[PDB]
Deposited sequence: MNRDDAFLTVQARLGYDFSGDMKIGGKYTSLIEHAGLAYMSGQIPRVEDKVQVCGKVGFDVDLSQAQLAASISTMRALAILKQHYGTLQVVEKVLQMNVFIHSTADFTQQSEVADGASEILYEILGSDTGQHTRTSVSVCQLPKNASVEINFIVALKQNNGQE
């Protein structure tokens, strides 16, 4: 039950998640998500300056969890997810930070823990940008295949 894994992992993080999405031909295109928990943006700052690797991995986890919550609210259940085809990770960082892959692992492992080792497979790109909306540390967008 993916929805119950969702609840479990949100508790593990200590946060409570409760146009952003457009569907076409069985694919959901999702707007970029910063680490907002309808409170505000949780891990703001520049990775490698204000934000260390662990906090950036948490931020990526929150962005992914938010995307999953938007999916669930729109379709009722995370069972509709067939594959996360693409995940693009933009990291607000200094010019010396080289651990974009580890920040992105913060999001990928959320995918695995909620969707399984099969359905949680995804392509990904992970780059450093010089700034983000509202001084966020991470922004992530998705293309997700849906079951019909």
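Gaps between the deposited sequence and the modelled structure occur at positions 1, 20-28, 159-163.
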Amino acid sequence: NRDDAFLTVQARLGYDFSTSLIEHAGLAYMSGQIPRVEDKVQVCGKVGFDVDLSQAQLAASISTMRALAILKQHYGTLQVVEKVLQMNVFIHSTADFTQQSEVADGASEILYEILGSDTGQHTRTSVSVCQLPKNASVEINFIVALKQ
From here on, numbers count along this sequence of modelled residues.
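Checked against the record, the higher mean CA B factor of 110-118 and 53-61 lies with 110-118. Remark: stretch with higher mean C-alpha B factor among 96-104 and 36-44 is 36-44.
Sort the chain's modelled residues by C-alpha temperature factor and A145 lands in the middle third, per the entry. The entry lists a Cα temperature factor for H24 that places it in the lowest third of the chain's modelled residues.
Residue-level temperature factors show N88 in the lowest third of its chain, judged at the C-alpha atom.
The PDB entry assigns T123 a C-alpha temperature factor belonging to the middle third of its chain's modelled residues.
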